[PDB]
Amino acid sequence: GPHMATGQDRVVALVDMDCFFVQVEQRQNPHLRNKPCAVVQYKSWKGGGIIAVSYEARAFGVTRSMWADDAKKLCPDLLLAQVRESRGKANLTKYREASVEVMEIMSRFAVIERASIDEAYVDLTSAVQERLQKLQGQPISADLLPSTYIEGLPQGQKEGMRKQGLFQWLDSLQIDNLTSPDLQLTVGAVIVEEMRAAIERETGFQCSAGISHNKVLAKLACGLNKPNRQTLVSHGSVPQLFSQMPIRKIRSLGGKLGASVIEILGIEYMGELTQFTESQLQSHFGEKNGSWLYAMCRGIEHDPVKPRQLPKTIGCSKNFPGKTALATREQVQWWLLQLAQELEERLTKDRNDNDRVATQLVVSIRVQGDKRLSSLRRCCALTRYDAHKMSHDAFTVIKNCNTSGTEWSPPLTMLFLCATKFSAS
């Protein structure tokens, strides 16, 4: 009772740039804005692969990871912006730079963990205490939360409903108690409205956000009301929200572990998990996963927001699918060179931007017909930011995989170079 810690000590947000690549291309090309439009990589095979989709196009069924010619079938007015191609591969530089813009604005407000190019976690705890003392008890006005939904409200015109829910939340709010977690979440949400306002002012990019007490609930919240909205998930709203939440919808339960939770325990929704003891869950899924599940189905998660605004690794990857698979030594070497050349460019930019040098080069390949996405990963030393050296060492490291008697076999379907193990430089 009085000693069940409820995982309410932190205020955490998850910020997702709505269909980020599409937004970057729509800022750059106004003819695309407020239209069904998607971003593609390549264009020869079935029109190319769609990797990001505006919400107008999503309304037509257009999804990521779908061929452009198919998407056009669903949406004949679909507009398509193409990923830049450099040295024969996709070059994502435009979106890395756009993402750094956004991240740097976010970092003015709180400490941010870059989880991916288009999404960051925010630890708001300090910032909320700062803002709560700045208040000295004044009540929080709805006007401070113009895009915020309160999940589970109203209880008992979509914008009209949002305002009803917000009004119920704010009316029930105890602004005097500077230690109520619901007040802290609310101030976090006010700060997240300011953050998202600043991001849009200063970049033109819109985003959704989730505000709760930990990363998993923040992520889940963020997905509830998109685009261009934010959602506060209170500790108290967890039982109802989880009561019909498919297990697969929680971060990290979307794959094989979530499928085994569903199958072994005979359950469908997150909240069903609360019926099992911690020991039971640990027995089915291991000590770490069991403890994490026991806490997380009660809305409790301790994974911290790591203060890391920069990527930990710099990577260059190309699949060679179907008959494009690499089958000669010359091919493998030329593509290892193209990858090492992009890698060198980005690594030099990184060293100058962020004062660090990588020290380990990871080389990963896939051989044709291998079930695994990585047939082999081998690391070697990364001593100089030199494309020819890196590509030659990558070869040196993989060449024992060729089973011919100048020809390469089984032909390679993937090449991948990753600089890792950064040290301050």
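Heads up, when I say rigid core I mean the largest set of C-alphas that superpose within 1.5 Å between the two forms. In this text, residue numbers run from 1 along the sequence as written.
Participant: Please pick 171-179 or 216-224, whichever has its Cα atoms farther from the shown form in 8 other deposited structures of this protein after a rigid core fit.
Facilitator: Once the cores are fitted, 171-179 deviates more in 8 other deposited structures of this protein.
Participant: Deposited residues absent from the coordinates between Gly156 and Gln157, none, 1 to 3, 4 to 9, or 10 or more?
Facilitator: In the deposited sequence, 4 to 9 residues between these two have no coordinates.
Participant: Are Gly405 and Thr406 truly consecutive in the deposited sequence, or are residues between them missing coordinates? Give the number as none, 1 to 3, 4 to 9, or 10 or more.
Facilitator: Just 1 to 3 residues are missing between them.
Participant: Got a sec? Mean C-alpha B-factor, which is higher, 333-341 or 135-143?
Facilitator: Taking the mean C-alpha B-factor of 135-143 and of 333-341, the larger value falls to 135-143.
Participant: For the higher mean C-alpha B factor in the entry, choose 23-31 or 354-362.
Facilitator: Here the higher of the two C-alpha B-factor means belongs to 354-362.
Participant: Tell me which of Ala221, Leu173, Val122, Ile150 tops the list for C-alpha B factor in the record.
Facilitator: When the deposited C-alpha B-factors of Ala221, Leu173, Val122, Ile150 are compared, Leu173 is largest.
Participant: C-alpha B factor of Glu104, ranked within the chain: lowest, middle or highest third?
Facilitator: Middle third by C-alpha B-factor.
Participant: Place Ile262 in the lowest, middle or highest third of its chain's C-alpha B-factors, as listed in the PDB entry.
Facilitator: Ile262: CA B-factor falls in the middle third of its chain.
Participant: Sorting the chain's modelled residues by C-alpha B-factor, tell me whether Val111 ends up in the lowest, middle or highest third.
Facilitator: CA B-factor rank for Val111: highest third.
Participant: Split the chain's modelled residues into thirds by Cα B-factor; is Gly49 in the lowest, middle or highest one?
Facilitator: Within its chain, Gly49 is a middle-third residue by C-alpha B-factor, going by the deposited values.
Participant: What third of its chain's C-alpha B-factors does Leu376 belong to: lowest, middle or highest?
Facilitator: As the PDB entry reports it, the C-alpha B-factor of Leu376 lands in the highest third of its chain.
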